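Undergrad: Before we start, here is the structure in question, set down as structure tokens.
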Amino acid sequence: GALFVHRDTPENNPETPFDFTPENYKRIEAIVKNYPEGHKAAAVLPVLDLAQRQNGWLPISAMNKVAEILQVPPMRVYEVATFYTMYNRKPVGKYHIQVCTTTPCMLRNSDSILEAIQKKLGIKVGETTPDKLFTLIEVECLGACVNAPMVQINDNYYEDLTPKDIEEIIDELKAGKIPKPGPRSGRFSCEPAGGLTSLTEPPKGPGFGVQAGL
Amino acid sequence: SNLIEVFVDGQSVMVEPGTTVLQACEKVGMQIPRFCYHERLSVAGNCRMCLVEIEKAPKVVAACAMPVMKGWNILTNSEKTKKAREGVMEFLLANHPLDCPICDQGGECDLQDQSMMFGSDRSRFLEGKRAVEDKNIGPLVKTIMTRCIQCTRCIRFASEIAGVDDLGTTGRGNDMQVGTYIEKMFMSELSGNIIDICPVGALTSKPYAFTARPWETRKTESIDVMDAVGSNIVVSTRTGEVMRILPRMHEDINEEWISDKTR
Amino acid sequence: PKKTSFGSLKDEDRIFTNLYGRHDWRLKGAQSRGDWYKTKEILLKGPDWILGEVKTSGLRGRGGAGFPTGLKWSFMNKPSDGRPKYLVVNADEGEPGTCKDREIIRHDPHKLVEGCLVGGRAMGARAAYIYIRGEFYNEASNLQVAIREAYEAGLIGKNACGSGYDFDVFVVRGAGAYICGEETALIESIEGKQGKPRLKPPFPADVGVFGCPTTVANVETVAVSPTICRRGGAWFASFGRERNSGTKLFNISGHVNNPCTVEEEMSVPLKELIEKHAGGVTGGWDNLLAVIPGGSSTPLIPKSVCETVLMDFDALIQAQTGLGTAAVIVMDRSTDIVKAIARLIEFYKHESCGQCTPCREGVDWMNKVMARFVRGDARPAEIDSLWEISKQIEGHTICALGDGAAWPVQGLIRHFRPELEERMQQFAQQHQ
Amino acid sequence: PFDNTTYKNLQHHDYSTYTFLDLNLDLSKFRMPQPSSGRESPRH
Ligand SMILES: Cc1cc2nc3c(=O)[nH]c(=O)nc-3n(C[C@H](O)[C@H](O)[C@H](O)COP(=O)(O)O)c2cc1C
Ligand code: SF4
Ligand code: SF4
Ligand code: SF4
Ligand code: FES
Ligand code: FES
Ligand SMILES: [K+]
């Protein structure tokens, strides 16, 4: 969790059952073939991420299994697991809400988004609802700054958010439906709101402007 | 004829290619300050205590890792070098604990001594300090990890010399921690050597704890008889009693290591 | 002849013609807009011709440092020893305020893939690894779909585009770390370690990913290269002031009416860029407080500087800042400028890899001081103290993240020192 | 047929947990054989 030392518990110890399913073992094979022979350790990050997609989070047994598959020392897998922030070393809720609070999103009122989520779910930053459906955390810039304020829920970005929009999104999740990702304001992606200021003409076709000699 | 000419404060020295700036200064008897660098470990370049000015180069280089180039003039005592050392020493001491009276390293501490020779004489750090949990790695090496300066010497020793990959860093940034992550004992026949290489009191001898200060010991250079290698050792005594055993460098025998039984 | 006013880029001269994703992003749509056109001829022209075109265009790195691309890529133009050679495409995109590379990956993936091939050919690389930040999952999947289409059309893989050159494009996802955008930290992450930057030398072109010769290039730098080859370096070099050539993707965020991504000519005035494309500053130009012109790592500039500054590498260096990634963050007069910068320091504190002393300890130190400056719980002598601390970090670290955390502090102290002292005065009076 | 008014990047609304790794598994057949360092790992 917040700590970077591991203490065994009944729910997280070397004997906690974990193993890759037969389908994930085929995915691991293709992952490992993307790298030169003699450098299997390159597959630690994607294989560790796969273990988290199958299981939701990474028990210490999952880290040991990854180290065994790739034949790297287990400590070199613990270092990766604790270095990178997308690995969950404690269980998380079904929907991991990640709100960006870095300056560009703060300037467009990411706090009101954060305050709205806490009210609707009745939790605080870093908590899981007693249903174990939602976990709320703050994150650094998610790479969608022009669509601020925005959140990521699992793999999906939800952008151009107001307090009403995020509440609608959470209700859809609570009702067992995944809402559509992308801006909720009116625009589709990153174009300026209120009409295109560029790229309004039909794009040119092949060979336009090609230099002589080709 | 492969040697190249470089200068240390204007004095010419001929060095073979691949020699680092730090090694070039050694040849003229100048010891660059260091924490992470150890000549028997892989270069790390992370402590930044070895930063030095190259004449006409606007940026200081890490003397321990930078290969020296023909014609370079290394200024080991310029204001630019001295200000780099003072800055780095200041960062090292910001979160370091006020432990010298209770810390066994006191009196033979490279942090203490290099702070005296190369650091400022006062603090301008007005915040609270980091505090770290202690890790249990067996009955030989005590850990007080709040004193760790993250030089990674122990990690590189365990991996490269001892062939054990149990030590690493977990976390990131200011909360980066040296340890084993899980509860694990670093039991190797060469484990005790990480006490010597650790520049600070983070790793200390548990059997030796609290029994003596370095200045009061007498050094008797002697030989190990625990096996047939014949490791060279220093026997520390005080007022007629043996206090500890330390390695004594012998390039052709034990280098600067000893086994745990010897130690 | 030598145009002196820049901007007003026409649509025909825009490279990323699907920037807003209103046309098909898959192979058929990309080929209709001119992607993958005469790629075989470009590859057969040889590495020297491609590198010559890139050198002539005056292209500079779009990743934040702005090194001349043509010279940089030419480090790989050397005979092969035993080792393979690799092109690594930096799609980490972590700099706060920067979201341009996201648009390229999901809307013009085939420009990136074709750029990998052309750029890889110029360097003699056998494969391209595209490192994309782990959060960009849907963007990565779009890119993976486009790569599959390229393999099935014979454009990449064995005998790419029928040129006889073998090339692979791999996608590797990060796992949440801003430092993995740093070129050597990116390589370490691909090799399965913590993303901790390497010291240099060696340089990646000598010892890179898997210990092999490598070039790390930004997504935007790679994606423009096929067009620079098709339309010539001269055409690209005709935009912007000399040594600041080409078109550029700009993100405008913060307190503007229409935050947006847009492609505009290099050396365009900053004020014109905000007004024409972003719909002006919220509350009008007179409501502007400061701008961060190139992402979080560039020093902020105050309104007075923003009136006349041009958006290119040299112009912003004159303003004691930098172009960076060209991510313009606008702050109006209602902004708490101290809190805004204090939040960036907190970002760098959370992103420091912790490897080297001045950043591991120094950035955390600056974060604590800035937190007290926000509340005013400090004394004016600590301002010059903070300045000196930032100078002890800058230039003493392994990688440029330490520099990037020191520069915002220096910009705040340089341009808003009275605001700091005013707040210290308020706190003392209120508490006394 | 020049419609510059709809968003044509809707495919990712249907992506799932294993979309990325399924594409990588699909791509596996198109790759060139990897180079070799000459040993199973740096610890061999
Ligand atoms: C902390 C840090 C983060 C960086 N992040 C990125 C990034 O996300 N994308 C990028 O292209 N370059 C990034 N860079 C710059 C790269 O190290 C490198 O200069 C760049 O990828 C070179 O490509 P270019 O010459 O085409 O710009 C970063 C640098 C630092 C120090
Ligand atoms: S390690 Fe050195 S400086 Fe730190 S408390 Fe011990 S003796 Fe003092
Ligand atoms: S415990 Fe000692 S040797 Fe290991 S990293 Fe810390 S200071 Fe260095
Ligand atoms: S400057 Fe910071 S991020 Fe860069 S290597 Fe040093 S500690 Fe790591
Ligand atoms: S600052 Fe929030 S997405 Fe960039
Ligand atoms: S001794 Fe050179 S950086 Fe530590
Ligand atoms: K020690």
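Naming works like this for the structure tokens: A, B, ... for the chains as they're shown, residue 1 at the start of each chain, ligands 1 onward in shown order.
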Do you know which residues are within 7 Å of ligand 1 using only C-alpha atoms and all ligand atoms? Can you write them as a CSV table (one decimal) with C-alpha atoms, in the first residue's frame?

TA:
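Contents of pocket-v1.csv, as written:
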```
chain,number,residue,atom,x,y,z
C,60,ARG,CA,14.7,19.8,-34.0
C,61,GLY,CA,13.6,17.4,-31.3
C,62,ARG,CA,9.9,17.8,-30.3
C,63,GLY,CA,10.4,16.0,-27.0
C,64,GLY,CA,11.4,19.0,-25.0
C,65,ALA,CA,15.1,19.4,-25.5
C,66,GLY,CA,15.2,20.5,-29.1
C,67,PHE,CA,18.4,19.0,-30.4
C,69,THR,CA,17.3,15.9,-35.3
C,90,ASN,CA,9.2,8.1,-27.0
C,91,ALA,CA,5.4,8.1,-26.5
C,92,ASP,CA,5.5,8.5,-22.7
C,93,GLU,CA,4.1,12.0,-22.8
C,94,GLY,CA,4.3,12.9,-19.1
C,95,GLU,CA,5.0,16.6,-19.0
C,178,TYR,CA,7.0,10.5,-15.6
C,179,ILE,CA,10.7,9.8,-15.4
C,180,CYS,CA,10.4,7.1,-18.0
C,181,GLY,CA,10.1,9.8,-20.6
C,182,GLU,CA,13.7,10.6,-20.0
C,183,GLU,CA,15.5,8.9,-22.9
C,184,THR,CA,17.9,6.7,-20.8
C,216,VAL,CA,15.3,7.7,-28.8
C,217,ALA,CA,13.0,10.0,-30.7
C,218,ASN,CA,9.8,11.8,-29.8
C,219,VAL,CA,6.6,10.7,-31.4
C,221,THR,CA,9.7,14.1,-34.4
C,222,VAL,CA,9.3,10.7,-35.9
C,399,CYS,CA,19.1,13.6,-15.7
C,400,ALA,CA,17.3,16.8,-16.6
C,401,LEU,CA,14.3,16.2,-14.2
```

Undergrad: Could you list, as a PyMOL selection string, all the residues within 12 Å of ligand 5, counting only C-alpha atoms and all ligand atoms?

TA: (chain A and resi 98-111+113+138-152+157-161) or (chain C and resi 93-100+102+135-136+178+251-254+295-296+327-329+340+343-344+347)

Undergrad: Counting only C-alpha atoms, which residues of chain C come no farther than 9 Å from chain B, as a ChimeraX atom specification?

TA: /C:198-201,349-365,368-369,385,389,391-393,395-398

Undergrad: Given only C-alpha atoms, how would the per-residue table for chain B near chain D read, listing every residue at most 12 Å away with its closest atom pair and distance in Å to one decimal, sorted by chain and number, as JSON lines?

TA:
```
{"residue": "B:159", "atom": "CA", "partner": "D:43", "partner_atom": "CA", "distance": 10.7}
{"residue": "B:160", "atom": "CA", "partner": "D:43", "partner_atom": "CA", "distance": 10.7}
{"residue": "B:163", "atom": "CA", "partner": "D:43", "partner_atom": "CA", "distance": 9.8}
{"residue": "B:164", "atom": "CA", "partner": "D:43", "partner_atom": "CA", "distance": 11.4}
{"residue": "B:165", "atom": "CA", "partner": "D:43", "partner_atom": "CA", "distance": 11.1}
```

Undergrad: Give one line per residue of chain B that approaches ligand 2 to at most 6 Å, naming the two atoms of the closest pair and their distance in Å to one decimal, counting only C-alpha atoms and all ligand atoms; sort by chain then ascending residue number and deliver it as JSON lines.

TA:
```
{"residue": "B:97", "atom": "CA", "partner": "ligand 2", "partner_atom_place_in_ligand_line": "5 (S)", "distance": 5.8}
{"residue": "B:98", "atom": "CA", "partner": "ligand 2", "partner_atom_place_in_ligand_line": "5 (S)", "distance": 5.6}
{"residue": "B:99", "atom": "CA", "partner": "ligand 2", "partner_atom_place_in_ligand_line": "5 (S)", "distance": 3.8}
{"residue": "B:100", "atom": "CA", "partner": "ligand 2", "partner_atom_place_in_ligand_line": "8 (Fe)", "distance": 3.5}
{"residue": "B:103", "atom": "CA", "partner": "ligand 2", "partner_atom_place_in_ligand_line": "6 (Fe)", "distance": 4.6}
{"residue": "B:105", "atom": "CA", "partner": "ligand 2", "partner_atom_place_in_ligand_line": "7 (S)", "distance": 4.5}
{"residue": "B:106", "atom": "CA", "partner": "ligand 2", "partner_atom_place_in_ligand_line": "7 (S)", "distance": 3.4}
{"residue": "B:109", "atom": "CA", "partner": "ligand 2", "partner_atom_place_in_ligand_line": "2 (Fe)", "distance": 4.7}
{"residue": "B:111", "atom": "CA", "partner": "ligand 2", "partner_atom_place_in_ligand_line": "3 (S)", "distance": 5.1}
{"residue": "B:112", "atom": "CA", "partner": "ligand 2", "partner_atom_place_in_ligand_line": "3 (S)", "distance": 4.7}
{"residue": "B:147", "atom": "CA", "partner": "ligand 2", "partner_atom_place_in_ligand_line": "4 (Fe)", "distance": 5.6}
{"residue": "B:200", "atom": "CA", "partner": "ligand 2", "partner_atom_place_in_ligand_line": "1 (S)", "distance": 3.8}
{"residue": "B:201", "atom": "CA", "partner": "ligand 2", "partner_atom_place_in_ligand_line": "1 (S)", "distance": 4.0}
```

Undergrad: In terms of the shortest atom-to-atom distance over only C-alpha atoms, which of D:44, D:15, D:5, D:36 is closest to chain A?

TA: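 With only C-alpha atoms as the atom set, the closest residue is D:36.
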
Undergrad: Would you list the residues that come within 7 Å of ligand 7? Count only C-alpha atoms and all ligand atoms and give the answer as a PyMOL selection string.

TA: chain B and resi 105+195-204

Undergrad: Tell me, as a tab-separated table (two decimals) with N, CA, C and O atoms, in the first residue's frame, which residues lie within 9 Å of residue A:120, counting only C-alpha atoms; anything in the same chain fewer than 4 positions away does not count.

TA:
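The result, stored in part-v8.tsv:
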```tsv
chain	number	residue	atom	x	y	z
A	115	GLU	N	-14.35	16.87	-5.03
A	115	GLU	CA	-15.33	17.05	-3.97
A	115	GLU	C	-16.65	16.39	-4.33
A	115	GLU	O	-17.34	15.86	-3.45
A	116	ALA	N	-17.03	16.41	-5.61
A	116	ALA	CA	-18.26	15.75	-6.03
A	116	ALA	C	-18.18	14.24	-5.84
A	116	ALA	O	-19.14	13.62	-5.38
A	167	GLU	N	-21.02	12.63	-11.50
A	167	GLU	CA	-22.07	11.93	-10.76
A	167	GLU	C	-22.88	11.03	-11.68
A	167	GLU	O	-23.22	9.90	-11.31
A	170	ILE	N	-20.81	7.91	-12.33
A	170	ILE	CA	-20.75	6.97	-11.22
A	170	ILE	C	-22.06	6.21	-11.09
A	170	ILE	O	-22.08	5.02	-10.77
```
